[PDB]
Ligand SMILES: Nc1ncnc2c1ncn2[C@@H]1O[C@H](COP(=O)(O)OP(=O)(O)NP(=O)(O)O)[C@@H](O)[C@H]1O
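Next up is one chain by itself, shown in structure tokens, the form deposited without this ligand.
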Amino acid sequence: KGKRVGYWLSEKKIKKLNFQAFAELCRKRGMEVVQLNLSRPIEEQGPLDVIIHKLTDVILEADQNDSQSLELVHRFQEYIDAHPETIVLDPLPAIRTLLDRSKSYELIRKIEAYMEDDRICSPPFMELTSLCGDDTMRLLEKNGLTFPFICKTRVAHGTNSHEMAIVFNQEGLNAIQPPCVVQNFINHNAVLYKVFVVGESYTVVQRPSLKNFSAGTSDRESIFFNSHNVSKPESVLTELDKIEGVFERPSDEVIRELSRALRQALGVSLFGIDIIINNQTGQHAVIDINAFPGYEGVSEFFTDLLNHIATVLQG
């Protein structure tokens, strides 16, 4: 009781999360919950014990030299600075890394090489700004990529944030849309583990996923898909032909500690990780990472989130 929560979320995000029902829940626990108007001064709307937000679009527009958004981001960052006792779910530098796939994957790569756990090794990736003619694949190869590989948007947010294409041969290269991030497709017996993290708690949801494909080049057209759509509990795309190689459940110890290093490196708390078991190596691989996802499905979300807010206020 008497705790004030300020939030800022787009109409669309509010709707996906059923966030107003969540706000009212908080109110019944004695909290005050206010929708922050970032165009007015934030003191006037204070004091604030917690701010929960997803300011991604504003962050993107500010980088694009948008006057409005630049001002919004400044006033918000300034208020945060002036009030280090306000808990921000989640810090602005965390959003900025997670919105950009070449940054987030580089983070994962450094975290893995930090963790010194042989149980975890994610696929090679690169930022491919442009095709370099007939020799494009020699560029990918220089960077440890070959067919089949999976090009994704650099920005992990927006309309086409999860629109993707898997490419199997030279003739299929016309499917790439640069600039983009390319990442080797790793066979994993068509099972994805979606990990939804809400602070210290996490839920591992097993989901469908793309099937196994032969190594190197295949004589087959590039496949356009949406990663969110494919992996709904929800194609011939996701029907495993046969089990090959390593086919095991993921380790809760690897998932915990991955979650923890992420939260520590970034001060992030609301995010999801997509994990597969590489069927060659048996290692866990992070194939994507999403700031503040829809938590679509997900059992006990409101509880976990209320628990998380109470926990950080406890610190």
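Position 1 is the first residue in the sequence shown; the rest follow in order.
Separately, the form solved in complex with this ligand exists; it is not shown, and the next lines address it.
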field: Region of this chain that lies against this ligand in the bound PDB entry, out of 240-248, 176-184, 83-91, 109-117 [heavy atom, 4.5 Å]
entry: 176-184
message: So, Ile287 and this ligand: in the bound PDB entry, are they within 4.5 Å at any heavy atom pair?
response: yes
- prompt: With a 4.5 Å heavy atom cut-off, would you call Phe147 a contact of this ligand in the bound PDB entry?
  reply: no
query: Any chance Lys103 has a heavy atom within 4.5 Å of this ligand in the bound PDB entry?
result: no
message: in the bound PDB entry, does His162 come within 4.5 Å of this ligand, counting heavy atoms only?
response: yes
- prompt: Hey, with this ligand in the bound PDB entry, do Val5, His53 and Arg75 all fall inside the 4.5 Å heavy atom range?
  reply: no
query: Which of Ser201, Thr136, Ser227, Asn169 has a heavy atom within 4.5 Å of this ligand in the bound PDB entry?
result: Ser227
- prompt: Only one of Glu257, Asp274, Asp49, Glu61 has a non-hydrogen atom within 4.5 angstroms of this ligand in the bound PDB entry; which is it?
  reply: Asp274
